[PDB]
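*Asks:* here is my input; please provide its structure:
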Amino acid sequence: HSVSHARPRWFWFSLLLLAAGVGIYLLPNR
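*Replies:* Numbers count the residues shown, from 1 in each chain. Below is the structure in question.
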């Protein structure tokens, strides 16, 4: 197997960076 069914967040890196922005948008004024 070449890590086909065992991928943590290699392709979700850009997605994680977007999740952090969503949390700041919920608390951008405080």
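*Asks:* now do residue 4 against residue 11, distance only.
*Replies:* Using CB to CB, to the nearest Å, one obtains 12 Å as the distance from residue 4 to residue 11. Placement of C-beta: from N, CA and C, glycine included.
*Asks:* which residue is most remote from the mean position of the protein?
*Replies:* What lies farthest from the middle of the chain is residue 1; by CA atoms, centre = their mean that is 25.2 Å.
*Asks:* what ranges does the chain have for its helices?
*Replies:* Taking DSSP state H, the helices of the chain run over residues 13-26.
*Asks:* nearest residue to the middle of it?
*Replies:* Nearest to the chain centroid, counting by CA atoms, centre = their mean: residue 16, 1.2 Å.
*Asks:* separation between it and residue 29?
*Replies:* Taken as CB to CB, the span from residue 16 to residue 29 is 24 Å.
*Asks:* now do residue 15
*Replies:* Look at residue 15 and residue 29: by CB to CB, they are 25 Å apart.
*Asks:* and these two? which has more neighbours close in?
*Replies:* Shown here are residue 15 and residue 29; by other CB atoms under 10 Å, residue 15 has more neighbours (9 against 4).
*Asks:* mind listing what the more buried one touches?
*Replies:* residue 9 (CB atoms under 8 Å, 6 or more residues apart in numbering).
*Asks:* distance check, it against residue 7.
*Replies:* For residue 15, the distance to residue 7 equals 12 Å [CB to CB].
*Asks:* what does residue 14 give?
*Replies:* 14 Å.
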